[PDB]
Amino acid sequence: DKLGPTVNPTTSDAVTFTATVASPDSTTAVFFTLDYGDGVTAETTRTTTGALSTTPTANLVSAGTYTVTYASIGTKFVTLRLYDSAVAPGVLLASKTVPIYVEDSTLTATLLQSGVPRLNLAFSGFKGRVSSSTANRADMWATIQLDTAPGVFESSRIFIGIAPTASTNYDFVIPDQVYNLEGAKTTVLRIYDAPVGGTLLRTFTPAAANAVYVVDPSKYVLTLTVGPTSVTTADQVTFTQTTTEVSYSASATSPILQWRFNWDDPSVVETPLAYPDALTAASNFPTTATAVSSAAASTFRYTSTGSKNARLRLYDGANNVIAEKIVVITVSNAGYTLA
Amino acid sequence: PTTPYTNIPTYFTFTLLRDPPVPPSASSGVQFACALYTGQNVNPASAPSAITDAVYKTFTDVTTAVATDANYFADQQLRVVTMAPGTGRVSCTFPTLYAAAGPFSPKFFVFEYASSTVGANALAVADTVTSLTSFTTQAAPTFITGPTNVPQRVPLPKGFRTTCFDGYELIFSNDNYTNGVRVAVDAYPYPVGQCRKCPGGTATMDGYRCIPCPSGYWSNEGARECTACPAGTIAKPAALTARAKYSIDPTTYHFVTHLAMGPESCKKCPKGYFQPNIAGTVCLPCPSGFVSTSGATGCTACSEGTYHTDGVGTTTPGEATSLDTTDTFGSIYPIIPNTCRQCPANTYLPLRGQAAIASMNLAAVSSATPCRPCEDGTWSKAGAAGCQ
Amino acid sequence: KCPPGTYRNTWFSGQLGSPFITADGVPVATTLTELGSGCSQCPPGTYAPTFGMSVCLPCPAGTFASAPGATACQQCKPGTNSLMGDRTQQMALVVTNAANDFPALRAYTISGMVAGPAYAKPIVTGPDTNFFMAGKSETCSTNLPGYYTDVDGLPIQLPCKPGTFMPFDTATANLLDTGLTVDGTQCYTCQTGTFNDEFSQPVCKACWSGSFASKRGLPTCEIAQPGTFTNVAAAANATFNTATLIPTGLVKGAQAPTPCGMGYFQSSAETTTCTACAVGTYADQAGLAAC
């Protein structure tokens, strides 16, 4: 395997290799050599192995100089080859080949998630930028892959476009994709040159807490408890912002979602989108019940004598609510009488 | 096989063999009189008096019978069948109607038929009967076995759809499905008929069933006709695994193990195998002598003065790499030798495409190369087609 | 070529059938095959009419094939329908085997009004996880109470039209004349003093006191015209218990207009009680719109 950088290597970085050798049949000494896809660069010599046996032996590149810097980007076929004797040609016992993808350093690819992807429900709030450093670039395809789990597979090839000129960013739309883990994911946006096979050009990474997280809307529980219900148009309903507790109750590490409340009365516009109490932007949503605001107390009087749906909902990014709690309030004007 | 249904009119077939003495092609046809008695006493009142063939061979002439002759279902019937020349096997067919249920014992006899007369027991020795296994008729279940039906002009509230359209199989769910991807969940009050896209490997026309493709082809999630795999490819269906919790959106049905999801499944053959066809369900090992190159459509014949063994000693052999077989396919396509070798000095190959004959046990008989001693008084300069 | 009713794939053999007969809820590694050829038998839920094919295709909707070696699929019975899992399994909300969670698929999601005074949009909440018709590796499942199936072949179970109600079973009903039995395939019309403004309803709601209903199978309550009233006590829509998602305790409202007696009028329509005529004015006959 490639012991070097976990990400697909670029031209400059240069890779190291792990290759354990075992032998459940016999415990003798053999000599190994390493061909590289670009054989011009290097042609390793035959070095001795010891014992081997059923257990794998930490071998090959321990403190060696087998690291090779590639020149062309593409798929290179590294070739371990074992020989019995240290004379040319000897006897080739086995030869395992491994492909190593080397990407282009010039091309850049960034993934944006507009909103928080919900569970089950299809999430379309994705977007991709591809800034090419070269002047002219050929047509290019991309493949979203939701997770690194074995069950989930790479999607179909999407034709992102040409990116023909300059070093300007070229947005491409990404087709819908359904998640199902209700947990943290490792989204991978791969980019290919040709439609079928060809070569790998870039592989994006969630990159340290910008990872796609799947959220179950059912888990959220929000209480409203806003004043009375049967009061009349004269009486003022009291929003107690401290009493409205919002909690996720599924996992500790979830993204934050600004809340917003509506009276459902045309008189007053909806409340501004704000964060829960004593909580800043880009933090974990509280697993325990917490007020929407630290110290607030609203008083509202409904103008019209109808059924009012006082509704508090959570937004994030795009205006796509995941958690809404509505409460009905009725109004009557016939209770009064004068004589 | 033992017990037939109660009231369904059951056909009975009896196979008769004439054994290696099969009447010659150049001859005249022979005829036999197969006669049976079911056991029921619905038709001509009483059962046959005795078991002997004498009474049996005079039951009724039933060889020709219309369905509505009132004899088409006779408990005891005798028919006459003919063997044409050049065939040994004969089938006797008797329709039987069982009015009531109960244990019955069918008695079958066979007689050689000649010149309108019935003969003796066609089986060796006289008065031997092949008594069928006594059965008890079971109830007759009603089940039409055709395709799916469709109801005409039935009222449905809003979303419920009797028939989805091409590339969307039918679903019964409350959730708000659009196209095949869903939009909202728990929108409709009750559950209703929606349409899903269908996963990659599958492809659906006229969608109630969402069918995976035959191995040859490969599909995309929402296509009408499943796409053909290229000539020099295999279309290996990637393992799908399964759903573990019964509360996770299923990709597809449960019996479905593997699917050919997308063009990437169409892997290309390793060196030494060619794939001419378009289906390409299995790659074809190139025949002896002929040599391939990567995913090949046709094997190229090895040139004169050369044979076909491994090429490990030589430089740049065209051998299949471990990657191309173990990693992509596994053990179904091992590494077979693929290259041409020059026979050494003082031997020559006049013909093209004779490979090195192998041996499956080495310590018993050793394998060699099919080049020739180069008749005396002549030499050859390593690989040559004619000795100088 | 392979014989019809069987198959062979190079990438996989064997059958994985009946994954809803075992209590665990997992398939079985069936390897049955026909001796002469050796071709693999079709997995339960498929068939193979042609002689040669690699993959043998799933049973279409409204059909079933319990046996592995199926030549073709059989149309479901007139009563029942095609849907993976049995009725009880489809009607089960609780789970027994925690690991598999198999006997917990929630396919009903009924609209009915919840136990207690509340009224919650469909009682079962969350996405339906088990919904396929095609895959049918067992006997045809009986029909969800709300729906029905008239003809033998039917891909999806059809909902009962407005002004009708199919109860779950014969005995577990609310208002059925005692000379009939609900076999599923035919949907019985709602009884006098009920309304049904939607489909797939296992029982139609009794009209709220004000509005009444007289005829049979009425999609909407009839407005109590001015000049009468409609008093009734037991006029409460049935209460779907969450334990078994079945309604109960439905009692019909006032079938008759029951007009306003003499000396008592009702100017306003949709009213439960009758108002006395004011001083100075008289009501000569019963049923007078105004004084």
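Residues numbered from 1 in each chain as written, not as in the entry; some residues may be left out. Chains lettered and ligands numbered in written order. Part of a larger assembly, values for the part shown. Heavy atoms only, no water.

Per the PDB record, the structure was determined using cryo-EM to 3.9 Å resolution.

Caption draft 1: View of the overall build of chain C. If you tally the helices and strands in chain C, you get 1 helix and 10 strands. Going from the N terminus to the C terminus, chain C shows its helices and strands as β-β-β-β-β-β-α-β-β-β-β. For chain C, whose C-alpha radius of gyration is 27 Å, the value lies well above the compact-globule estimate of 19 Å for 291 residues. Each of the three principal axes of chain C carries a C-alpha extent, and together these read 105 × 40 × 30 Å. Within the span of chain C, comprising 291 residues, buried residues form 52% of the whole. For chain C, the exposed surface amounts to about 12,600 Å²; the carbon and sulfur share of it is 59%. (Helix = DSSP H or I, 4+ residues; strand = E, 2+ residues; numbered from the N terminus. Rg over C-alpha atoms; globule rule 2.2 N^0.38 Å. Buried < 20%, exposed > 50% of the residue type's maximum accessible area, 1.4 Å probe, protein only. Areas by Shrake-Rupley, 256 points an atom, 1.4 Å probe, with all protein chains shown as cover.)

Caption draft 2: Spotlight on the interface of chain B and chain C. Each side of the interface is counted separately: chain B has 61 residues, and chain C has 64 residues. Looking at the side of chain B facing chain C, the largest losses of area belong to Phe172(B), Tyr246(B) and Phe255(B), adding up to 16% of the total buried there. Linking chain B to chain C there are 0 salt bridges. Those elements that provide at least two residues to the side of chain B that touches chain C are β10 (169-173) and β11 (192-196) of chain B. In terms of residue count, β10(B) provides more of the side of chain B that touches chain C than any other element does, 5 residues in total. (Contact = heavy atoms within 4.5 Å. Buried area = accessible area lost by both parts, 1.4 Å probe. Salt bridge = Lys/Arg side-chain N within 4 Å of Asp/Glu carboxyl O.)

Caption draft 3: Up close: the layout of surface pockets. If you add up the space inside the second largest pocket, you get close to 900 Å³. In terms of lining, the second largest pocket is formed by 30 residues, of which the most central are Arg81(A), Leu92(A), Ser95(A), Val312(B) and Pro317(B). For the lining of the second largest pocket, the secondary-structure elements that each account for two or more residues are β3 (74-83) and β4 (92-102) of chain A. No other element matches β4(A), which puts 5 residues into the lining of the second largest pocket. Looking at side-chain class alone, the lining of the second largest pocket contains 14 nonpolar, 11 polar and 5 charged residues. (1 Å grid on protein atoms, 1.4 Å probe; cavity = no way out; pocket = protein on both sides within 12 Å on 5 of 7 lines; lining within 4 Å. Points joined across faces, edges and corners; volume = space filled by probe spheres on them. Nonpolar A, V, L, I, M, F, W, Y, C, P; charged D, E, K, R; others polar.)

Caption draft 4: Empty space enclosed by the protein, seen in detail. Residues and elements named next belong to chain B. Enumeration according to the criterion identifies 6 cavities of 30 Å³ or more in this entry. Approximately 120 Å³ is the volume attributed to the largest cavity. Around the largest cavity, the lining comprises 14 residues; the ones closest to its centre are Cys213, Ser215, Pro237, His258 and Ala260. Classifying every residue of the lining of the largest cavity gives 10 nonpolar, 4 polar and no charged.

Caption draft 5: Structural view of the environment of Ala310(A). Residues and elements named next belong to chain A. Looking at the element boundaries, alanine 310 is found in strand β18 (residues 308-316). According to the relative accessible area criterion, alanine 310 is buried, its value standing at 0%. Sequence-distant contacts of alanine 310, that is, excluding residues within four places in its chain, are made with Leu224, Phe261, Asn262, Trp263, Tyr302, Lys325, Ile326, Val327 and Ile329.

Caption draft 6: View of the state of the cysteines. One pass over the full model with this rule turns up 19 disulfides over all chains. Between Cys34(B) and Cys92(B) runs a disulfide, and the two sulfur atoms are separated by 2.0 Å. On the sign convention where negative means left-handed, the S-S torsion of about -95° between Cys34(B) and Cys92(B) marks this disulfide as left-handed. One end of the pair, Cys34(B), is in strand β2 (residues 30-37); the other, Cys92(B), is in strand β4 (residues 89-96), and 58 residues separate them in sequence. The disulfide that involves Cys190(C) links it to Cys204(C), with 2.0 Å between the sulfurs. The sign of the S-S torsion, about -135°, decides the handedness of the disulfide formed by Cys190(C) and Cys204(C): left-handed. Placement of the pair is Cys190(C) in the loop between β8 (158-159) and β9 (264-265) and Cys204(C) in the loop between β8 and β9, with a sequence separation of 14 residues. A single burial state applies to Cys190(C) and to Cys204(C), both of which are buried. (Disulfide = S-S within 2.5 Å.)

Caption draft 7: Looking closely at the sheet that holds strand β1 (residues 31-35) of chain A. Residues and elements named next belong to chain A. Overall, antiparallel pairing links the 4 strands, which are arranged β2-β1-β3-β4 in an open sheet. Edge positions in the sheet fall to β2 (47-48) and β4, since each of these pairs with one other strand and no more. For β1 and β2, the ladder comprises 2 bridges, and the chain directions are antiparallel. Across the sheet, residue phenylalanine 32 finds its bridge partner in β2, namely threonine 47. (Pairing = 2+ DSSP bridges.)

Caption draft 8: Quick peek at unusual backbone geometry. With an omega dihedral of 0°, the bond running from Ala88(A) to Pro89(A) counts as a cis peptide bond. Within the secondary structure, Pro89(A) is located in the loop between β3 and β4. The backbone phi angle of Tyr246(B) is positive, close to 50°, even though this residue is not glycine. Relative to the helices and strands, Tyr246(B) is located in the loop between β12 (238-239) and β13 (258-259). At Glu270(C), a residue that is not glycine, the phi angle is positive and equals roughly 50°. Among the structural elements, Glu270(C) can be located in the loop between β9 and β10 (275-276). Residue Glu270(C) is classed as partly exposed on the basis of its relative accessible area, which comes to 42%.

Caption draft 9: Quick peek at the interface of chain B and chain A. Taken together, the contacts link 18 residues of chain B with 18 residues of chain A. The interface formed by chain B and chain A contains 0 salt bridges. The interface formed by chain B and chain A holds 3 residue pairs in polar contact in total. Among the elements that make up the side of chain B that touches chain A, the one with the highest residue count is helix α2 (residues 322-327) of chain B (3 residues). (Polar contact = N/O pair within 3.5 Å; in protein donor to acceptor, adjacent residues only side chain to side chain.)

Caption draft 10: How the structure looks around the side chain of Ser359(B). All names here are of chain B. Counting through the fold element by element, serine 359 comes out in the segment after β17 (341-342). Classification of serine 359 by relative accessible area gives buried; the value is 16%. Within the structure, the side chain of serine 359 is placed 2.5 Å from the backbone oxygen of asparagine 361, a separation counted as a polar contact. Within the structure, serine 359 has its side chain in polar contact with the backbone oxygen of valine 365 (distance 2.9 Å).

Caption draft 11: How the structure looks around the sheet that holds strand β19 (residues 318-329) of chain A. All names here are of chain A. Taken in spatial order, the 3 strands line up as β15-β18-β19 in an open sheet, and their pairing is antiparallel. Edge positions in the sheet fall to β15 (259-262) and β19, since each has one partner strand and no second. The sheet shows a mean angle of 20° between the axes of neighbouring strands, taken without regard to direction. Alignment of β18 against β19, held across 8 bridges, turns out to be antiparallel. Residue pairing in the sheet places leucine 312 in a bridge with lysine 325 of β19. (Axes fitted to C-alpha atoms, helices over the stretch in contact; angles between N-to-C directions.)

Caption draft 12: Looking closely at the nonpolar core. Core analysis: the biggest nonpolar cluster contains 39 residues, and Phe160(B), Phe172(B), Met133(C) and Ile156(C) have the highest contact counts within it. Broken down by secondary-structure element, the contributors of at least two residues to this core are β10 and β11 of chain B together with β7 (147-148) of chain C. Within the second largest apolar cluster, 27 residues are counted, among which are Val215(A), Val237(A), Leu257(A) and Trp259(A). (Core = buried A, V, L, I, M, F, W, Y, C linked by side-chain atoms within 4.5 Å.)

Caption draft 13: Quick peek at the environment of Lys77(C). Relative to the assigned elements, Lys77(C) resides in the loop between β6 (74-75) and α1 (87-90). You can call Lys77(C) partly exposed: its relative accessible area is 29%. The spacing of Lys77(C) and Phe51(C) is 26 residues in sequence and 28 Å in space, taken between C-alpha atoms. Look past the residues within four positions of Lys77(C) in its chain and what remains in contact with it is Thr142(B), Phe143(B), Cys140(C) and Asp152(C).

Caption draft 14: Geometry of the packing of aromatic side chains. For the structure shown, the criterion picks out 35 aromatic pairs over all chains. When the ring of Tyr98(B) is compared with that of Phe135(B), the centres are 5.6 Å apart and the planes differ by 65°; the resulting orientation is edge-to-face. Here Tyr98(B) is found in the loop between β4 and β5 (103-104), whereas its partner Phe135(B) is found in strand β9 (residues 135-136), with 37 residues between them in sequence. A single burial state applies to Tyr98(B) and to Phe135(B), both of which are buried. Ring geometry for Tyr253(B) versus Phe255(B): centroids 5.4 Å apart, planes at 20°, classification stacked. With respect to burial, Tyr253(B) and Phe255(B) carry one shared label: buried. The structure contains a cluster of three or more aromatic residues connected by ring pairs, namely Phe239(A), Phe261(A), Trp263(A), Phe300(A) and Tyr302(A). Across from the ring centre of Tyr192(A), 3.4 Å away, lies the NZ or CZ of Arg157(A), which sits over that ring. (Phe/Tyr/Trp six-rings, centres within 6.5 Å; stacked < 30°, edge-to-face > 60°. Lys NZ or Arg CZ within 6 Å of the ring centre and 35° of its normal.)

Caption draft 15: Region of the structure containing the pattern of salt bridges. All names here are of chain A. Inspection of the entire model under this criterion finds 15 salt bridges over all chains. One salt bridge connects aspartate 104 with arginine 137, and the closest N-O pair in it is separated by 3.6 Å. Of this pair, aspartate 104 sits in the loop between β4 and β5 (108-113) while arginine 137 sits in the loop between β6 (126-131) and β7 (140-145), and the two are 33 residues apart along the sequence. For the pair formed by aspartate 104 and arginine 137, the shared burial category is buried. Here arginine 129 ties to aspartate 171 by a salt bridge, and the two come within 3.6 Å at their closest N and O atoms. Here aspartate 171 lies in strand β9 (residues 171-173) and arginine 129 lies in strand β6, a separation of 42 residues in the sequence. The network of salt bridges with common partners includes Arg260, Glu270 and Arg311.

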